[PDB]
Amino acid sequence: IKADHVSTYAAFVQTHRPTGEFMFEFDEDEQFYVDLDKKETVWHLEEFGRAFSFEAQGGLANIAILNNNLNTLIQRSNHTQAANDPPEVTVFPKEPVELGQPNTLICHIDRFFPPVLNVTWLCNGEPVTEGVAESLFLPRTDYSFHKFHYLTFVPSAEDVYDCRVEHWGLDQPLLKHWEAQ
């Protein structure tokens, strides 16, 4: 489809956690979602939150419809469960790597299904738990998912990093290595 811009509400429900998600993306970047637990709209940037609003009940009402529709399709499909599609993983820094200068490492996990995933940052074999963040499970036009994980870090010639990824389509956890080279 020809388009200068694509604006998409994307939502899903499923048996396992996360059991629901309701978000809006503009040109493939997530602009807001509805936190279904807190029943509140969450804007990605302050630029958006100050200008825009969205009634969270609109997200909750749509998720209720999807959950009903999921129950129907489980019956109509004779409980068809899809094959697991394992993720592709890439790790790259946000800024040019300068030893001793603060940076952000990004782990992009792509082309996987279902949207059930465990991700851990490792540094020299050990989990890093501070200075981390992550995206939602983001939609793809082929109905698989992708996701971003972030780690604040100070680059150093020594350190080896891993983005360790767990998914049902994998024979064992996937460790994608990165070093400042």
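Numbering starts at 1 and runs along the sequence shown.
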Which is higher on average in the deposited entry, the C-alpha temperature factors of 127-135 or of 141-149?
127-135
I need to verify one thing: averaged over C-alpha atoms only, is the B-factor higher for 24-32 or for 41-49?
41-49
Maximum C-alpha temperature factor per the entry, among 56, 116, 154, 65, belongs to which one?
154
According to the PDB entry, is the CA B factor of residue 72 in the bottom, middle or top third of its chain, that is, lowest, middle or highest?
middle
Using only modelled residues of the chain, where does the Cα B factor of residue 79 rank: lowest third, middle third or highest third?
highest
Sorting the chain's CA B-factors, does residue 109 end up in the lowest, middle or highest third?
lowest
Third of chain Cα B-factors occupied by residue 160:
highest
Ranking the modelled residues of this chain by C-alpha B-factor as given in the entry, is residue 93 in the lowest, middle or highest third?
lowest
